[PDB]
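*Asks:* The structure is given below, and queries will be raised subsequently.
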Amino acid sequence: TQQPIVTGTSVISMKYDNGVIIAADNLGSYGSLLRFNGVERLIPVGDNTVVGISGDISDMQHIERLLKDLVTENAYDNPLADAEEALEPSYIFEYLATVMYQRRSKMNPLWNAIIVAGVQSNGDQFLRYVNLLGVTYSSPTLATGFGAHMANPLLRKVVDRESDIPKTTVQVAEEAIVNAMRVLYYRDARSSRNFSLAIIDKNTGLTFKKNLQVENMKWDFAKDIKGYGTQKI
Amino acid sequence: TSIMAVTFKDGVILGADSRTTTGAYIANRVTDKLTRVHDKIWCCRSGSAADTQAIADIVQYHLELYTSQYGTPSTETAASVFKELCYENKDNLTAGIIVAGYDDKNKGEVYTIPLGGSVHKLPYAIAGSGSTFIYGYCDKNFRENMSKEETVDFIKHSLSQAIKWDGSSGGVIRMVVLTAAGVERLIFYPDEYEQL
Amino acid sequence: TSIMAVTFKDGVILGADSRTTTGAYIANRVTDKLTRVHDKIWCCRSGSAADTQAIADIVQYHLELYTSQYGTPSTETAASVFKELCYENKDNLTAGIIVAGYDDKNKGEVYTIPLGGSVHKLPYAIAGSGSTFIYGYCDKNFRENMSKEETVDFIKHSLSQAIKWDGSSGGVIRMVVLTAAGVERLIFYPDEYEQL
Amino acid sequence: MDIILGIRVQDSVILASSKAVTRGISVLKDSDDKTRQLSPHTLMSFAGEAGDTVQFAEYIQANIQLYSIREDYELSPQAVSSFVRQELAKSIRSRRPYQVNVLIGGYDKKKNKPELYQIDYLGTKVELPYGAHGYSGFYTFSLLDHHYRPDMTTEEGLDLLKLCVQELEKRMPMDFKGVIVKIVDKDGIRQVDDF
Amino acid sequence: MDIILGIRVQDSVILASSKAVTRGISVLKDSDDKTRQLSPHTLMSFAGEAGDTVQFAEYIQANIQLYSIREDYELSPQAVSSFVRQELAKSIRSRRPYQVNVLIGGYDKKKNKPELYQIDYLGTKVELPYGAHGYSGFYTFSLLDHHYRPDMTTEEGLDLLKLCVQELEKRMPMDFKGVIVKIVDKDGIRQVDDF
Amino acid sequence: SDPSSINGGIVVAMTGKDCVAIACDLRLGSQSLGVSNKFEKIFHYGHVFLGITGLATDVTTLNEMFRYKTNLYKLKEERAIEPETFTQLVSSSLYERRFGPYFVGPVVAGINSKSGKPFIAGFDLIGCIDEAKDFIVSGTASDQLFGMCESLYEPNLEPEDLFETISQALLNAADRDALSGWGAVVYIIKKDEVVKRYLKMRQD
Amino acid sequence: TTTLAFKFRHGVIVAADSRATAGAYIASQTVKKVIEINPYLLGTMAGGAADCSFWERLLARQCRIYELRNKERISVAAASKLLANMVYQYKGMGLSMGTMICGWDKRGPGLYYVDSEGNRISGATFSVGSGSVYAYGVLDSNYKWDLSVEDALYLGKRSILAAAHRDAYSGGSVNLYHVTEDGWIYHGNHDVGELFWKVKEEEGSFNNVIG
Amino acid sequence: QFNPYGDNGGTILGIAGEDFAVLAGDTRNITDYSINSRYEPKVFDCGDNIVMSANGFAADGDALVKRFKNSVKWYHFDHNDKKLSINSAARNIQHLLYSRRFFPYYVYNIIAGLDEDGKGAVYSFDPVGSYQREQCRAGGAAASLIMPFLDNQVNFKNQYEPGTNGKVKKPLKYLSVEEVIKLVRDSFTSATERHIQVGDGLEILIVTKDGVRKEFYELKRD
Amino acid sequence: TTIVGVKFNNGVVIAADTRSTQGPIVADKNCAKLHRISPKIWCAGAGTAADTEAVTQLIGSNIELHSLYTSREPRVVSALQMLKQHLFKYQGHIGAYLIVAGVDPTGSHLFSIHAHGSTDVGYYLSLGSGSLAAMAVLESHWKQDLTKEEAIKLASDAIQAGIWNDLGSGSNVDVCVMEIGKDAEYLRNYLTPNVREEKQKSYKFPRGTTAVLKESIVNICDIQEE
Ligand SMILES: *[B]([O])([O])[C]([C][C]([C])[C])[N]C(=O)[C]([C]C1=[C][C]=[C][C]=[C]1)[N]C(=O)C1=[C]N=[C][C]=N1
Ligand SMILES: *[B]([O])([O])[C]([C][C]([C])[C])[N]C(=O)[C]([C]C1=[C][C]=[C][C]=[C]1)[N]C(=O)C1=[C]N=[C][C]=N1
Ligand SMILES: *[B]([O])([O])[C]([C][C]([C])[C])[N]C(=O)[C]([C]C1=[C][C]=[C][C]=[C]1)[N]C(=O)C1=[C]N=[C][C]=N1
Ligand SMILES: *[B]([O])([O])[C]([C][C]([C])[C])[N]C(=O)[C]([C]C1=[C][C]=[C][C]=[C]1)[N]C(=O)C1=[C]N=[C][C]=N1
Ligand SMILES: [Cl-]
Ligand SMILES: [Cl-]
Ligand SMILES: [Mg+2]
Ligand SMILES: [Mg+2]
Ligand SMILES: [Mg+2]
Ligand SMILES: [Mg+2]
Ligand SMILES: [Mg+2]
Ligand SMILES: [Mg+2]
């Protein structure tokens with residue numbers, strides 16, 4: 001049993017017709033202090049998987065090392081390591097899910113919420129969640145922390161059920177994710193303007209975008225707001 | 001919350017962020033924490049929103065009644081009324097208030113009233129959760145008898161840093177200029193102050 | 001405690017106050033918080049004195065053994081050993097450590113290791129109770145590729161403010177300069193840094 | 001206090017109450033009468049925390065006696081039981097509630113019927129053919145559920161009561177030092193001196 | 001369990017132990033023998049938490065019986081009492097201590113003397129002319145302090161024991177359902193079937 | 001410990017075609033112990049019916065209170081109180097004890113004598129009104145009653161059909177609740193006749 | 001829960017209700033609280049269903065290997081003791097069991113009470129569970145050694161009914177068993193709802209209840 | 001302090017026919033007042049004509065099912081591809097559950113299939129392994145809403161034959177699979193109305209001698 | 001609960017869902033969360049249901065007496081001030097979280113009120129367990145210079161977000177539009193996207209199915225003449 005110290009906030013994601021999108025801001029908070037501004041919380045595994053992590057950053061860095069070691073170990077005595085016997089999103093997820101549940105069962109958890117996004121060998125989209133309790137679930141849209149409360153409602157307006165996935169393009173899906181990140185910057189007190197975004201497509205592969213910023217923000221209406229009720233000046 | 005009041009040559013300027021939080025949720029991102037208790041006596045509010053509103057409303061009532069009987073009250077008098085409420089009800093209140101005002105005789109004055117209900121008259125004052133991160137910056141950069149433009153820049157730069165580091169602070173930077181010329185409201189948006 | 005490490009053109013400089021406290025009593029006013037784990041890899045210590053000493057001693061042992069087998073370790077390697085101890089024993093430790101070192105290949109490098117045991121490589125780092133008060137000042141005044149004299153002034157001014165506002169910080173300002181030229185120790189007394 | 005029982009038969013109400021008073025590991029008395037006559041044809045037994053019990057019982061007694069003098073008329077057992085319930089329902093939301101459970105046994109001279117009321121400290125009232133407070137009913141209700149008829153004689157009611165007491169004396173860990181038994185009928189209230 | 005008494009007279013040791021077993025508000029048994037014969041001339045009565053009591057007593061019994069077989073010799077009551085004390089002093093600093101208090105009554109055939117030992121769950125041993133565990137001694141010691149002589153006969157010891165039990169039955173709030181009485185002398189151990 | 005489940009009990013009400021029905025169990029207990037099988041929880045003030053679940057002392061107290069208030073209403077107004085008006089009186093009376101409340105779950109049922117419209121309403125222990133079109137449930141088996149009512153109920157039932165529906169809802173809910181049962185009563189209410197029926201059920 | 005068992009002239013009667021509760025919610029009304037250890041041995045369940053079920057089924061397996069090893073059926077005393085020692089290891093750990101071990105062996109009919117506290121008691125009459133207190137009244141008043149099998153079966157059935165009526169956590173149905181020297185005999189499942197009304201009419205009892 | 005348990009909501013229902021059995025469950029997964037998934041399967045085909053659902057704390061439910069599927073696999077290896085009977089599976093599951101008596105699987109488990117005589121079978125489990133065969137059983141969040149309805153509509157409880165007035169009960173006539181699925185759908189539709197953790201979808205697994213069949217029905221998404 | 005408030009060109013609109021819960025159970029499927037303080041001052045309430053009802057009826061009563069005393073139409077700031085001072089006095093124990101909106105001689109107004117007595121001003125607001133889902137919609141689609149039709153759409157879309165994504169919210173959407181120079185229109189059940197489907201079976205019983213012991217006529221009439 002511990003408490004989280006340096007933390008990362010929401011990770012958000014969704015499926016679209018040819019793949020998946022995932023995003024997360026670049027902040028490492030220390031309670032109410034916005035301490036570390038250059039923290040990458042999306043970690044690619046090969047060219048077909050991206051693991052997005054929220055929660056304790058020290059435990060994130062530990063998981064990041066486990067994944068790096070997993071790739072090394074998979075290549076051992078494996079001539080098809082870059083082909084048929086490469087790591088799949090489903091393999092990577094089940095491994096983490098196994099680790100998370102085992103750690104909670106020893107009353108010493110990895111204080112994280114994780115979303116594994118990727119595309120399988122057969123072109124199928126993979127998107128599944130796991131957390132410190134070992135709880136797992138899958139949905140067309142997935143989000144952690146505040147994203148669950150604010151992002152999911154917006155992303156579910158695009159993909160409300162399974163049948164909406166083929167009807168959703170990459171441009172529409174990215175637009176929805178970027179909008180959600182803006183909303184989280186308006187409303188989450190432990191968020192940052194700077195974020196990373198990753199697209200895993202079955203045709204165009206893995207596209208990893210860094211140093212993105214929330215833009216097209218609405219603040220001008222603030223000038224007209226005066227006092228808390230009766231004040232006019 | 002990041003609030004400050006700074007005296008300068010022509011008077012005094014109040015400054016504040018616009019963020020109100022319930023834990024990590026931002027309940028209001030365009031809050032007005034600079035509130036008027038008299039024509040040229042304003043206050044900055046930090047702590048409980050309900051407590052500080054209830055106090056400021058009572059003070060505005062007292063000073064309105066003072067004015068009807070004895071004419072325009074001094075900034076010191078306004079600070080005393082705030083103090084009396086904050087001190088006598090210290091067990092039940094969570095309010096950190098900065099009182100700032102302009103007289104023609106006394107010019108610009110700033111009084112800070114922390115949690116206990118004590119009063120401290122200062123050349124400038126900072127308060128709120130975000131003030132912790134700018135004690136060094138403000139102490140190094142503050143000068144007496146600054147110009148209006150210099151003081152606006154000083155507050156802008158200071159609150160910019162407070163917002164950058166404090167999660168409980170954010171949104172727009174509101175300011176209120178108190179001089180003989182009158183009362184001027186200023187606003188500065190994220191795109192402006194973040195790039196400083 | 002106020003500690004910091006700053007990279008500059010010729011290498012890296014570590015800085016620290018000299019105060020150790022048991023509550024409000026100053027148990028030692030001339031403490032050396034800048035400690036050596038290898039010839040040109042030093043660390044700044046904050047938190048528990050016992051914990052940070054026990055850690056630094058173990059690290060110095062590991063790097064001494066590393067050197068006997070594999071030659072001079074990198075600053076990253078030293079930071080990794082610190083991390084491994086701080087992370088794996090996070091439940092029982094209270095240690096905030098900044099690791100700083102000079103290579104000829106990598107030049108000056110700074111790694112900060114807060115409570116959780118996470119590692120963060122930075123151009124400069126601040127830590128300790130007194131660091132809170134200078135986040136704004138340091139962010140505004142830090143530049144990359146400063147000169148030795150500029151960096152000494154930057155640390156001196158920064159820790160001067162941290163000491164001014166933090167009760168847990170005080171005494172002398174110790175510094176350690178890490179360059180190709182060697183290892184230089186500096187000290188600055190209250191009469192010098194208070195008047196800044 | 002510990003055990004208080006009540007049974008309404010054809011023409012009377014029988015109340016059985018334990019004799020023991022206890023303070024810690026010591027029995028202070030073995031002949032305590034846990035009852036007060038509220039009126040000539042109304043008897044109230046009681047049990048609860050020390051002090052509260054007697055203070056409440058005597059307070060009720062004084063009020064009913066005052067009513068009797070003022071009107072020169074005896075209140076019906078139903079009216080008395082309702083007065084008592086209101087006092088307890090008032091008590092439960094007071095600064096310090098009376099921690100008392102009572103049984104009210106009375107003979108209504110107007111209807112020519114015996115009546116038994118069970119009232120707990122919350123002000124929960126119920127009219128019953130037989131009743132008990134505390135852990136008493138747990139041992140006795142199975143026998144009463146089996147043997148009770150509404151046309152029983154007073155002697156048959158006493159025999160069924162002996163059976164209930166015998167079961168208590170076998171299975172209860174606490175020694176309550178026997179019971180004082182009282183019968184309420186048309187001719188008033190009397191005590192069974194041999195039980 | 002509740003009351004265990006012991007008295008050493010001229011030529012014997014008398015142990016009196018309550019018969020009741022209780023789980024909550026219910027008496028499970030009223031004929032429980034809270035004693036084990038450790039050897040032909042050594043008897044141990046016991047009382048404490050459920051399970052612990054019998055588990056410990058039977059564990060001691062097995063060890064003494066094993067010693068008897070191995071050496072073809074009966075241990076003295078003093079040697080047995082010391083063995084028991086060490087087991088309890090060992091137990092008290094264990095992960096889960098035996099919550100058991102015991103009395104050991106034995107006749108030493110070598111010295112031709114009866115001996116009574118009182119040992120509590122901590123491993124506190126004392127040799128006595130008479131003793132008790134729990135709240136028992138609080139009621140009985142004043143009578144024993146008054147009436148006891150070391151030259152008493154077994155019949156006089158039994159009469160003094162009846163007096164002690166009569167006082168318990170009057171002033172103890174709990175019904176312990178009488179006592180089983182056993183006498184340890186030169187001829188061995190026997191039970192008084194009428195008490 | 002929980003005041004709302006010490007004594008146990010349930011109440012359910014339903015609307016029909018030009019009729020309403022209200023029903024309750026007869027149990028009064030002290031936690032596990034069953035004390036009375038004749039503790040009726042439905043009262044009436046003129047043509048307005050009130051069922052009350054929860055702490056029995058408060059059930060009895062509130063009945064005596066609303067009898068008091070409705071009798072004064074009638075003397076001053078020179079008419080019987082209507083269900084809509086009584087519902088507001090119950091709400092007012094409960095909220096006046098906002099920070100020292102009666103631990104009850106009241107249920108109003110009746111037909112407006114002027115409009116002829118069937119009316120039911122439920123309350124929380126502090127006065128919040130739930131004015132439902134279909135049914136109201138209250139008591140220790142409220143979850144059970146919700147499941148039964150939500151599946152068995154259909155609108156515009158005739159009195160003799162409504163009787164069977166509400167009875168089966170009560171009986172089967174009570175038989176899945178340890179603190180409810182020991183008998184049951186059902187009131188069938190029409191504009192100018194009211195029939196009361198005691199149901200035969202298992203006594204355990 | 002109400003379970004009882006008593007020795008008598010012609011063996012031992014074993015009776016139990018069938019209600020399982022989860023707070024105020026009635027989870028089940030068809031619980032077998034009597035366990036078939038072996039054709040000459042029965043075990044009752046009270047408190048924790050999982051605990052009682054697991055440890056008594058583990059007991060039955062212990063008793064079986066005893067028979068293979070020793071060419072002899074285990075005694076009631078030995079069986080009860082194995083259970084008691086098994087549960088004693090986990091004392092204080094949170095186990096919740098109240099059981100009776102009923103059978104016929106070389107010493108005749110045998111009846112032992114065993115619980116998770118550590119008690120192991122031999123007796124002619126027992127009743128365990130929340131409703132035991134109601135059952136004891138009917139047992140103690142009507143129990144004799146010279147009881148016929150017909151009357152003895154009714155007594156155990158009537159005693160459960162008394163508890164099922166009053167105790168909120170007891171009810172559902174009554175399961176009856178008769179243990180002889182030729183083995184145990186199941187005497188059916190009896191719904192309390194139907195049984196109550198029948199007994200009320202035939203016996204005249206429960207006059208306070210209307211039917 | 002770290003709490004190793006959670007509540008993922010969900011409700012399940014098992015009904016045994018004369019020569020068939022159904023195991024139904026909603027597809028909604030939740031924490032507190034949030035929805036995690038509107039379609040997260042909860043009832044599984046475990047092999048040997050056995051279906052299983054472990055409702056409550058999803059992480060413990062997933063682990064138990066995973067372990068039972070594993071137990072079936074090794075039962076084939078160790079005993080010459082012998083078919084695991086429903087009664088044998090039930091007993092095995094008790095031992096899986098009681099192996100964690102002092103750190104339980106926080107789930108309420110139900111399995112369904114056919115007995116060795118070909119008749120429908122449902123078994124119900126508590127978190128620590130107490131199990132029993134049942135004809136009708138709901139588990140999870142809205143179990144208390146559904147079970148009283150099934151007592152009435154499956155076992156005809158409190159229902160008597162008109163004209164006799166309480167003297168003669170309604171006879172226990174068997175139900176078809178089509179009649180059972182109607183009761184399942186009405187149970188969940190009613191539970192959806194009054195329970196916030198129930199909704200989104202309903203997945204039913206039907207087991208016969210022919211094998212395991214699935215049926216899916218939408219539920220309200222509010 | 002999801003409640004929202006949205007300003008527009010010539011007025012203000014508020015909206016709410018219709019679900020009431022006790023734990024995981026739904027007590028009322030068609031609850032009315034939109035309250036009338038005065039003819040053109042309406043308020044949506046979240047939190048403790050009795051408290052939002054009681055505090056609204058009280059302030060509305062005092063607002064009516066004030067309007068009669070002053071011979072003026074009531075103002076929103078009056079209702080705002082009276083509500084906050086009442087709630088502040090009870091230090092959060094009265095669990096009323098309100099969105100207060102209306103039109104008066106001063107113009108159109110929109111405020112929020114919390115249980116401890118703090119008020120906030122805005123062009124768009126949201127309260128309750130579904131406020132985050134609703135605020136996500138408002139932050140995504142709100143703009144300056146909205147028309148009446150656009151504002152009603154935005155408000156109901158914000159409530160729907162709560163209905164679908166928050167388990168504490170559900171059933172129907174209620175709306176009230178307050179436009180300057182017009183009567184306030186209260187649109188009860190503006191949307192109905194959660195009608196229950198037809199049941200597979202009818203559970204109407206045969207008459208005589210239930211066992212009965214006694215029957216009797218209940219005398220509801222008064223004491224009769226003659
Ligand atoms: B600021 O953070 O001090 C701010 C100033 C306030 C006057 C608008 N206070 C708040 O945001 C407080 C909580 C708080 C946060 C950080 C430090 C101290 C206090 N919030 C509220 O009072 C509040 C929140 N949600 C609804 C209503 N009121
Ligand atoms: B500094 O305050 O972090 C300082 C640095 C230390 C490495 C010399 N630590 C201390 O002074 C600590 C207490 C403490 C104060 C403030 C923040 C965190 C910790 N003191 C000790 O460890 C100590 C005190 N007295 C005797 C021995 N050790
Ligand atoms: B009985 O009441 O002791 C009964 C016996 C058990 C073998 C079915 N126990 C229970 O009903 C317990 C709760 C309880 C009630 C009263 C006293 C002690 C314990 N419930 C369960 O064992 C249980 C098991 N699975 C689901 C729900 N409840
Ligand atoms: B919403 O969730 O804020 C809603 C708004 C209300 C005005 C209808 N609140 C409720 O549904 C509350 C939730 C709640 C539950 C328990 C304590 C406090 C609040 N419900 C009730 O107030 C309620 C519950 N049962 C009956 C009547 N009212
Ligand atoms: Cl504010
Ligand atoms: Cl040191
Ligand atoms: Mg900020
Ligand atoms: Mg009572
Ligand atoms: Mg019942
Ligand atoms: Mg019962
Ligand atoms: Mg009962
Ligand atoms: Mg639903």
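Chain lettering (A, B, ...) mirrors the order of the structure tokens, residue numbering begins at 1 for each chain separately, and ligand numbering begins at 1 in order of display.
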Which residues of chain B are close to chain A, meaning at most 7 Å apart when you count only C-alpha atoms, and how do they look as JSON, numbers by chain?
*Replies:* {"B": [24, 25, 26, 30, 32, 35, 165, 166, 167, 168, 187, 189]}
*Asks:* Convert the current residue selection to file output with N, CA and C atoms, as a PDB file, in the first residue's frame.
*Replies:*
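Output (selection_28.pdb):
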ATOM      1  N   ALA B  24     -10.279  18.939  -8.083  1.00  0.00           N
ATOM      2  CA  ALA B  24      -9.561  19.128  -9.341  1.00  0.00           C
ATOM      3  C   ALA B  24     -10.479  19.602 -10.473  1.00  0.00           C
ATOM      4  N   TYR B  25     -11.790  19.649 -10.221  1.00  0.00           N
ATOM      5  CA  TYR B  25     -12.742  20.167 -11.204  1.00  0.00           C
ATOM      6  C   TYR B  25     -12.806  21.683 -11.113  1.00  0.00           C
ATOM      7  N   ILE B  26     -12.726  22.344 -12.262  1.00  0.00           N
ATOM      8  CA  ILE B  26     -12.832  23.796 -12.336  1.00  0.00           C
ATOM      9  C   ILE B  26     -14.309  24.167 -12.455  1.00  0.00           C
ATOM     10  N   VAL B  30     -14.057  31.637 -15.268  1.00  0.00           N
ATOM     11  CA  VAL B  30     -14.125  33.077 -15.548  1.00  0.00           C
ATOM     12  C   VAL B  30     -14.634  33.848 -14.328  1.00  0.00           C
ATOM     13  N   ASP B  32     -14.807  36.324 -11.085  1.00  0.00           N
ATOM     14  CA  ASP B  32     -14.359  37.671 -10.730  1.00  0.00           C
ATOM     15  C   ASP B  32     -14.094  37.732  -9.228  1.00  0.00           C
ATOM     16  N   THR B  35     -13.588  42.387  -6.046  1.00  0.00           N
ATOM     17  CA  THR B  35     -14.928  42.839  -5.699  1.00  0.00           C
ATOM     18  C   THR B  35     -14.932  44.179  -4.999  1.00  0.00           C
ATOM     19  N   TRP B 165       2.347  27.502 -12.204  1.00  0.00           N
ATOM     20  CA  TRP B 165       2.761  26.481 -11.241  1.00  0.00           C
ATOM     21  C   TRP B 165       1.637  25.971 -10.341  1.00  0.00           C
ATOM     22  N   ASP B 166       0.620  26.798 -10.105  1.00  0.00           N
ATOM     23  CA  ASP B 166      -0.491  26.430  -9.223  1.00  0.00           C
ATOM     24  C   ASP B 166      -1.685  25.915 -10.026  1.00  0.00           C
ATOM     25  N   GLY B 167      -2.131  24.704  -9.704  1.00  0.00           N
ATOM     26  CA  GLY B 167      -3.288  24.100 -10.366  1.00  0.00           C
ATOM     27  C   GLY B 167      -4.604  24.755  -9.977  1.00  0.00           C
ATOM     28  N   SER B 168      -4.651  25.312  -8.770  1.00  0.00           N
ATOM     29  CA  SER B 168      -5.842  26.005  -8.274  1.00  0.00           C
ATOM     30  C   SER B 168      -5.993  27.410  -8.859  1.00  0.00           C
ATOM     31  N   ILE B 187      -8.269  43.229 -18.454  1.00  0.00           N
ATOM     32  CA  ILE B 187      -8.307  41.781 -18.600  1.00  0.00           C
ATOM     33  C   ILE B 187      -7.195  41.328 -19.543  1.00  0.00           C
ATOM     34  N   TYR B 189      -5.685  37.687 -21.426  1.00  0.00           N
ATOM     35  CA  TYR B 189      -6.045  36.312 -21.764  1.00  0.00           C
ATOM     36  C   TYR B 189      -4.805  35.410 -21.820  1.00  0.00           C
TER      37      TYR B 189
END
*Asks:* Can you pull out the residues contacting residue 180 of chain D? Cut-off 7 Å, using only C-alpha atoms, and skip same-chain residues under 2 positions away; I want them as a list in words.
*Replies:* residues 16, 17, 18, 19, 33 and 182 of chain D
*Asks:* Quote the spacing between atom CA of residue 101 of chain F and atom CA of residue 167 of chain G in Å to one decimal place.
*Replies:* 29.6 Å
*Asks:* Find the residues near residue 99 of chain C: any atom within 6 Å, counting only C-alpha atoms, skip ones fewer than 4 places away on the same chain, and give them as a compact mmCIF listing (two decimals) with N, CA and C atoms, in the first residue's frame.
*Replies:*
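Produced file part02.txt, reproduced below:
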# COMPACT_ATOMS: atom_id res chain seq x y z
N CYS C 43 25.60 14.92 -5.47
CA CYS C 43 24.16 14.99 -5.28
C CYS C 43 23.79 16.04 -4.23
N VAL C 110 21.86 17.07 -15.22
CA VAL C 110 21.13 17.15 -13.95
C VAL C 110 19.89 16.25 -13.98
N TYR C 111 19.79 15.37 -12.99
CA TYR C 111 18.63 14.51 -12.80
C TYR C 111 18.03 14.78 -11.43
*Asks:* Report as number ranges by chain all protein, DNA and RNA residues lying within 10 Å of residue 153 of chain F, evaluated on only C-alpha atoms, omitting residues in the same chain fewer than 2 positions from it.
*Replies:* F: 14-16, 134-135, 148-151, 155-157, 162, 165-166, 169; I: 202-204
*Asks:* Can you measure atom CA of residue 166 of chain E to atom CA of residue 154 of chain E for me? One decimal in Å is fine.
*Replies:* 18.3 Å
*Asks:* Give me every strand (DSSP E or B) residue in chain A, going by DSSP on the backbone, as a ChimeraX atom specification.
*Replies:* /A:6-8,11-16,19-25,28-30,33-36,42-44,49-56,112-119,125-131,136-138,141-143,188,194-201,205-213
*Asks:* List every residue of segment 28-183 of chain A that DSSP, applied to the backbone, labels as alpha helix (DSSP H), and write the result as a PyMOL selection string.
*Replies:* chain A and resi 57-75+89-105+146-155+170-183
*Asks:* How about saving the chosen residues, C-alpha atoms kept, as a short mmCIF file (atom, residue, chain, number, x, y, z; two decimals), in the first residue's frame?
*Replies:*
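part_36.cif was written with the following content:
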data_model
loop_
_atom_site.label_atom_id
_atom_site.label_comp_id
_atom_site.auth_asym_id
_atom_site.auth_seq_id
_atom_site.Cartn_x
_atom_site.Cartn_y
_atom_site.Cartn_z
CA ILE A 57 4.72 8.54 -12.81
CA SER A 58 7.34 6.47 -10.95
CA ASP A 59 5.14 3.41 -11.55
CA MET A 60 4.68 4.56 -15.18
CA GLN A 61 8.46 4.64 -15.67
CA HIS A 62 8.58 1.12 -14.21
CA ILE A 63 5.92 -0.11 -16.65
CA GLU A 64 7.76 1.64 -19.49
CA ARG A 65 10.85 -0.41 -18.62
CA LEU A 66 8.83 -3.65 -18.47
CA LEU A 67 7.53 -2.99 -21.99
CA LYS A 68 11.00 -2.13 -23.32
CA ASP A 69 12.28 -5.40 -21.80
CA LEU A 70 9.28 -7.28 -23.28
CA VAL A 71 10.32 -6.27 -26.81
CA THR A 72 13.91 -7.39 -26.13
CA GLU A 73 12.71 -10.74 -24.75
CA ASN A 74 10.33 -11.37 -27.67
CA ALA A 75 13.19 -10.96 -30.16
CA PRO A 89 -1.63 -5.18 -28.78
CA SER A 90 -3.59 -8.07 -27.22
CA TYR A 91 -0.35 -9.70 -25.97
CA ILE A 92 0.96 -6.46 -24.49
CA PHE A 93 -2.35 -5.72 -22.76
CA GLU A 94 -2.83 -9.18 -21.25
CA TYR A 95 0.71 -9.03 -19.86
CA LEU A 96 0.06 -5.68 -18.16
CA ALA A 97 -3.37 -6.83 -16.96
CA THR A 98 -1.69 -9.90 -15.44
CA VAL A 99 0.91 -7.72 -13.69
CA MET A 100 -1.66 -5.19 -12.43
CA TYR A 101 -3.97 -7.84 -10.91
CA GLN A 102 -1.03 -9.68 -9.30
CA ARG A 103 0.25 -6.47 -7.71
CA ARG A 104 -3.20 -5.60 -6.28
CA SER A 105 -3.40 -9.17 -4.95
CA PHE A 146 -11.44 13.27 -15.66
CA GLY A 147 -11.58 12.16 -19.30
CA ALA A 148 -14.08 9.48 -18.29
CA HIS A 149 -16.44 12.22 -17.09
CA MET A 150 -15.88 14.86 -19.80
CA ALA A 151 -14.24 13.27 -22.86
CA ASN A 152 -16.31 10.07 -23.16
CA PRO A 153 -19.62 11.97 -23.52
CA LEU A 154 -18.15 13.95 -26.44
CA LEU A 155 -16.48 10.96 -28.10
CA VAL A 170 -9.65 9.53 -39.12
CA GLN A 171 -10.19 13.28 -39.68
CA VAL A 172 -13.46 13.25 -37.72
CA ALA A 173 -11.98 11.10 -34.94
CA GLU A 174 -8.86 13.27 -34.52
CA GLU A 175 -11.05 16.40 -34.52
CA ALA A 176 -13.11 14.91 -31.67
CA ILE A 177 -10.03 13.95 -29.64
CA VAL A 178 -8.43 17.39 -30.07
CA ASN A 179 -11.68 19.08 -29.00
CA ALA A 180 -11.87 16.82 -25.94
CA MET A 181 -8.31 17.82 -24.95
CA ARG A 182 -9.35 21.49 -25.12
CA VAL A 183 -12.38 20.85 -22.89
#
